[PDB]
Amino acid sequence: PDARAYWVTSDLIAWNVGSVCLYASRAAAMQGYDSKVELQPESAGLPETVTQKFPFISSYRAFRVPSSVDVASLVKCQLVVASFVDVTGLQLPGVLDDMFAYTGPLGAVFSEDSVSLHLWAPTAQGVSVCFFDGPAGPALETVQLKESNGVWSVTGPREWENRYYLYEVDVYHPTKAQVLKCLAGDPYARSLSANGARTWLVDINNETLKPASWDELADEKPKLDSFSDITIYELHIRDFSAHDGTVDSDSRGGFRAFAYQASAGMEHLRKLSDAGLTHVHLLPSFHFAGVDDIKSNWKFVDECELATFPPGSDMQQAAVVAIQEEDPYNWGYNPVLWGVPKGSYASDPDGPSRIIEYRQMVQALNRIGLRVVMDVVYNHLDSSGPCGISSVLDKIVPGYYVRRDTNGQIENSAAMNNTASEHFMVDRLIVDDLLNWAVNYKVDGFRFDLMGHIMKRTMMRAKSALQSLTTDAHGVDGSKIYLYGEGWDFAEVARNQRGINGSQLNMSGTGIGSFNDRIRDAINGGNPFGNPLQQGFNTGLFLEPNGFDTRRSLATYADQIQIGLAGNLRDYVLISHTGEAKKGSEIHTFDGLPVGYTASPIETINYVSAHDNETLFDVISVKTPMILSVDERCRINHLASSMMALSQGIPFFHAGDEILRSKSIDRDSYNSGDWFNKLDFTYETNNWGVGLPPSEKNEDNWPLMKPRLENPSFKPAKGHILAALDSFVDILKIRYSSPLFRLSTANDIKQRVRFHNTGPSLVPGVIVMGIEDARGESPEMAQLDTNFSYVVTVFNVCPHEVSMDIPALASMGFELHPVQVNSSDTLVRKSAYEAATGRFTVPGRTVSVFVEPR
Ligand SMILES: OC[C@H]1O[C@H](O[C@H]2[C@H](O)[C@@H](O)[C@@H](O[C@H]3[C@H](O)[C@@H](O)[C@@H](O[C@H]4[C@H](O)[C@@H](O)[C@@H](O)O[C@@H]4CO)O[C@@H]3CO)O[C@@H]2CO)[C@H](O)[C@@H](O)[C@@H]1O
Ligand SMILES: OC[C@H]1O[C@H](O[C@H]2[C@H](O)[C@@H](O)[C@@H](O[C@H]3[C@H](O)[C@@H](O)[C@@H](O[C@H]4[C@H](O)[C@@H](O)[C@@H](O)O[C@@H]4CO)O[C@@H]3CO)O[C@@H]2CO)[C@H](O)[C@@H](O)[C@@H]1O
Ligand SMILES: OC[C@H]1O[C@H](O[C@H]2[C@H](O)[C@@H](O)[C@@H](O[C@H]3[C@H](O)[C@@H](O)[C@@H](O)O[C@@H]3CO)O[C@@H]2CO)[C@H](O)[C@@H](O)[C@@H]1O
Ligand SMILES: [Ca+2]
């Protein structure tokens with residue numbers, strides 16, 4: 001309901017009114033009040049601490065609450081303020097933090113002879129714990145908790161260990177205008193019964209929950225010398241093994257599939273890892289809503305039936321959509337409890353298997369040379385309110401963990417039920433959760449979904465806390481833990497309205513990565529929410545119009561790409577296409593923001609593809625001329641991935657980039673099932689032409705999709721898929737062949753990286769990037785590379801051979817990179833350098849890497 005006033009401190013209420021009284025009713029009877037308190041205007045106004053925490057109400061009038069008021073009692077009541085007649089509810093987070101900020105133990109604490117439970121519920125009238133013996137059995141016992149400063153607690157005997165439980169919370173819910181008895185899980189849960197119906201009272205440190213040699217994992221972690229050595233591969237746990245016939249049927253789709261060391265999927269990851277891939281980013285793997293943890297409840301359509309339907313038919317999606325709410329599939333961006341592994345990915349959803357198997361997965365990946373990144377989703381909740389298994393946080397302290405507008409309505413810009421990390425206990429829970437995953441599961445990094453919705457102070461505190469973990473004290477080397485996220489700035493958090501948020505610009509100089517949407521859009525063309533047929537640097541703009549000024553548009557995109565290739569730095573200086581020398585931050589995007597915004601290459605996550613939006617293969621198939629062969633499109637796929645793999649900064653690959661993965665042009669496949677998200681590690685298909693994708697997100701584009709999906713010339717064969725994989729692995733090998741591709745500082749990049757095809761007379765469709773190392777005695781720089789003294793990369797998107805003469809690079813000892821001399825691709829082997837003129841000759845649609853050997 002309507003809540004326009006804010007209770008910001010124990011003694012201050014803020015309200016934007018041009019006499020004011022506070023009314024309270026413990027029974028929610030409001031006439032009907034048990035308390036009436038006149039508020040006096042506070043001539044001192046709002047303190048600086050209040051305006052800093054809640055900038056959007058800095059203009060509001062301040063009213064003093066008399067110190068004789070029992071604030072702790074009143075916050076448990078139905079409350080209104082009235083002006084003299086305007087009446088409105090009160091938003092309590094400010095006063096709840098001021099009075100009841102709590103840093104003590106929450107959830108379960110185990111000592112030698114006892115177990116304690118602590119729940120933060122300062123607005124609750126009563127809290128009990130209901131114990132169950134077993135995940136499905138009836139209640140065995142109820143015990144009352146005692147309150148101190150808004151925290152409810154009880155201490156019991158050690159025998160309480162491994163019971164299941166829920167909290168019975170009597171609390172006022174504004175959405176129902178009643179004090180309701182709510183049955184709630186523990187926000188600090190570390191395990192659950194199926195679907196989070198009950199919390200398992202488990203000691204996360206219990207030795208039987210640790211796989212063999214778990215405590216020695218630190219010794220077995222893959223080497224990571226620098227964050228600048230990171231490459232990331234983004235993978236969904238179910239996608240990985242759902243279709244993998246080399247994994248036993250009962251272990252497909254979950255954590256256990258990673259324990260099959262010689263499966264097609266694991267052999268695929270070993271191949272990438274051995275080539276130099278360092279990190280695998282797993283899509284949400286905590287307790288999310290939308291998939292039943294009980295596998296026998298899953299509905300699946302028969303894939304053999306779906307395979308009989310025409311390639312451009314709407315029948316496949318109709319079938320999938322009919323049961324998409326009851327199938328095994330979701331990306332999982334629907335948070336319920338952050339600190340527990342998803343039950344649907346475990347062999348048994350009740351109790352220990354989800355803990356052990358998660359740990360086994362981390363161990364398995366580490367032992368094949370891959371560090372593990374978790375996709376963490378702290379920006380919103382699946383559900384709010386007092387009802388249902390899927391609401392926990394807002395069930396216990398309504399209106400606190402969620403961000404609300406100035407009328408008191410929940411903000412939904414993230415998707416639904418935005419969180420308010422600006423509130424003390426939300427911040428606490430986020431950081432506590434991160435430490436849980438880092439310490440209890442030895443996770444190597446975190447990707448923050450909608451980091452722009454998270455306060456920068458939360459991000460920086462998390463970074464500090466994680467980075468200071470040690471092997472001696474905590475079992476993990478915190479100094480190697482890497483953080484990155486989506487720094488999009490929109491809706492209610494834009495322009496720092498709720499405080500300094502984790503936007504791209506605000507995270508410059510923090511050492512926390514953000515996705516570079518500039519290089520993505522310049523390469524592919526347009527934007528995910530723009531015209532689908534708008535072409536870019538690598539999809540035929542100017543050079544190969546699709547038929548649905550452009551020389552200058554192409555050159556503008558080339559400038560944006562080059563800033564990205566040099567780590568997307570604010571201060572890197574480029575000769576722009578007009579001839580003027582410009583800093584990365586002085587080259588602007590179409591919406592007026594600086595292209596280059598980082599202080600370091602480690603703050604840039606360079607990508608052309610991810611789980612969101614169309615796959616690399618699909619975007620290329622939509623934007624390029626219809627007349628191109630699939631053979632040509634395969635080369636274009638390789639060019640895009642190579643621009644990432646040979647960029648300064650941190651390359652990010654979508655799982656399947658390397659094997660032409662399609663989703664039949666689905667732009668948002670979160671609930672599109674295994675059918676549209678198929679990862680085929682037999683390499684027989686890429687999943688192109690499996691029907692029109694679900695109407696929900698795609699129907700407006702079906703007319704462009706249908707003819708392409710139906711055209712057999714668009715579909716690659718196994719040969720194309722294997723060719724893509726081989727060349728992908730080669731370019732990875734090249735990145736890790738020389739530290740020059742992975743410079744660690746902006747200073748190094750400004751000193752060493754130069755672009756050689758620039759200015760108003762630049763050759764369209766070609767980027768030439770040179771990287772210098774020390775050469776000769778008493779050099780101007782340190783020697784980073786023992787094998788090569790100089791590297792030159794030529795990206796040629798033209799459909800014809802090009803010869804680039806660079807006088808600066810003439811009379812040197814350049815050769816084609818040994819990996820490319822040794823390539824299975826016939827075209828790249830034809831690449832050549834001629835010293836007399838410094839001429840680099842590169843075939844059409846090819847990336848050629850040249851080295852000067854020592
Ligand atoms: O198979 C028989 C061999 O068994 C033993 O070696 C194993 C290791 O025990 C495994 O853990 C693994 O280790 C490899 C890993 O597969 C490989 O990717 C690479 O790891 C790199 C990583 O890729 C890279 O990103 C970088 O950052 O650091 C990692 C190294 O820290 O190298 C690992 C080996 O060092 O596989 C090998 C088999 O290759 C046993 O020791 C051998 O004697 C035996 O032959
Ligand atoms: O939350 C529900 C929605 O979630 C998913 O949307 C994602 C997109 O898939 C991502 O691409 C991203 O969107 C970013 C975008 O990547 C980024 O470039 C930026 O785009 C702006 C652009 O800078 C600007 O010039 C202009 O053209 O508008 C663009 C979009 O407004 O910002 C986007 C975020 O605002 O993140 C979102 C998450 O919201 C999903 O695909 C959707 O179906 C779903 O609705
Ligand atoms: O179901 C009611 C719910 O509908 C609306 O939220 C939906 C989004 O509109 C929809 O896009 C989808 O969001 C997912 C993204 O598509 C996906 O890319 C990824 O980011 O995960 C998102 C969450 O799963 O689903 C939600 C939920 O159905 C509406 O905005 C809500 O207010 C409303 O409650
Ligand atoms: Ca589903």
# chains A, B, ... in the order shown; residues from 1 in each chain; ligands from 1
$ select_by_dssp --residues "segment 469-517 of chain A" --states "strand (DSSP E or B)" --output "ChimeraX atom specification"
/A:482-485,497,499,501,513-516
$ closest_atom_pairs --of "chain A" --to "ligand 1" --cutoff "9 Å" --atoms "only C-alpha atoms and all ligand atoms" --output "tab-separated table"
residue	atom	partner	partner_atom_place_in_ligand_line	distance
A:220	CA	ligand 1	11 (O)	7.2
A:221	CA	ligand 1	31 (O)	6.7
A:222	CA	ligand 1	31 (O)	3.7
A:223	CA	ligand 1	31 (O)	4.0
A:224	CA	ligand 1	27 (O)	5.3
A:225	CA	ligand 1	27 (O)	7.8
A:229	CA	ligand 1	27 (O)	8.0
A:230	CA	ligand 1	25 (O)	8.4
A:231	CA	ligand 1	25 (O)	8.8
A:270	CA	ligand 1	16 (O)	6.3
A:271	CA	ligand 1	18 (O)	8.0
A:272	CA	ligand 1	23 (O)	8.2
A:273	CA	ligand 1	23 (O)	4.6
A:274	CA	ligand 1	18 (O)	4.0
A:275	CA	ligand 1	23 (O)	6.9
A:276	CA	ligand 1	25 (O)	4.8
A:277	CA	ligand 1	25 (O)	5.4
A:278	CA	ligand 1	25 (O)	4.2
A:279	CA	ligand 1	25 (O)	7.8
A:364	CA	ligand 1	11 (O)	8.8
A:366	CA	ligand 1	11 (O)	7.5
A:367	CA	ligand 1	11 (O)	4.0
A:368	CA	ligand 1	16 (O)	3.9
A:369	CA	ligand 1	20 (O)	3.8
A:370	CA	ligand 1	25 (O)	6.1
A:371	CA	ligand 1	25 (O)	8.1
$ residues_near_ligand --ligand "ligand 3" --cutoff "9 Å" --atoms "only C-alpha atoms and all ligand atoms" --output "ChimeraX atom specification"
/A:289-290,330-335,382-383,411-417,449,611-613,667-671,696-697
$ closest_residue --among "A:548, A:482, A:448, A:152" --to "ligand 2" --atoms "only C-alpha atoms and all ligand atoms"
A:448
$ closest_residue --among "A:543, A:182, A:74, A:108" --to "residue 33 of chain A" --atoms "only C-alpha atoms"
A:74
$ decode --residues "segment 46-59 of chain A" --atoms "N, CA, C and O atoms" --output "short mmCIF file (atom, residue, chain, number, x, y, z; two decimals), in the first residue's frame"
data_model
loop_
_atom_site.label_atom_id
_atom_site.label_comp_id
_atom_site.auth_asym_id
_atom_site.auth_seq_id
_atom_site.Cartn_x
_atom_site.Cartn_y
_atom_site.Cartn_z
N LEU A 46 17.72 16.93 7.93
CA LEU A 46 18.23 15.56 7.82
C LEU A 46 19.75 15.55 7.95
O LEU A 46 20.43 16.34 7.29
N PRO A 47 20.30 14.63 8.77
CA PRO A 47 21.75 14.53 8.85
C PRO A 47 22.39 14.05 7.54
O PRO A 47 21.73 13.42 6.71
N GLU A 48 23.68 14.34 7.39
CA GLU A 48 24.46 13.94 6.22
C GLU A 48 24.46 12.42 6.00
O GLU A 48 24.46 11.96 4.86
N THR A 49 24.45 11.65 7.09
CA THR A 49 24.43 10.19 6.99
C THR A 49 23.14 9.67 6.36
O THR A 49 23.15 8.67 5.64
N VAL A 50 22.03 10.36 6.62
CA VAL A 50 20.75 10.00 6.03
C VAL A 50 20.71 10.34 4.54
O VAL A 50 20.30 9.51 3.73
N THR A 51 21.13 11.54 4.18
CA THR A 51 21.11 11.97 2.77
C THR A 51 22.08 11.15 1.92
O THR A 51 21.81 10.88 0.75
N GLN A 52 23.21 10.74 2.50
CA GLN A 52 24.18 9.90 1.80
C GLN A 52 23.60 8.52 1.51
O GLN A 52 23.77 7.97 0.42
N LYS A 53 22.90 7.96 2.49
CA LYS A 53 22.30 6.63 2.37
C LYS A 53 21.06 6.61 1.48
O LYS A 53 20.82 5.62 0.77
N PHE A 54 20.27 7.68 1.53
CA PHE A 54 19.01 7.79 0.79
C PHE A 54 18.97 9.12 0.02
O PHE A 54 18.19 10.02 0.37
N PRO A 55 19.80 9.26 -1.03
CA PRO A 55 19.92 10.57 -1.71
C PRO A 55 18.61 11.10 -2.28
O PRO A 55 18.39 12.31 -2.29
N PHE A 56 17.75 10.19 -2.73
CA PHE A 56 16.48 10.54 -3.38
C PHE A 56 15.46 11.22 -2.46
O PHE A 56 14.46 11.75 -2.95
N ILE A 57 15.68 11.21 -1.15
CA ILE A 57 14.81 11.93 -0.21
C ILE A 57 15.52 13.09 0.51
O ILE A 57 15.04 13.58 1.53
N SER A 58 16.64 13.55 -0.04
CA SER A 58 17.45 14.58 0.61
C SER A 58 16.68 15.90 0.77
O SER A 58 16.99 16.70 1.64
N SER A 59 15.68 16.10 -0.08
CA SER A 59 14.87 17.32 -0.03
C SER A 59 13.69 17.24 0.97
O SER A 59 12.99 18.23 1.16
#
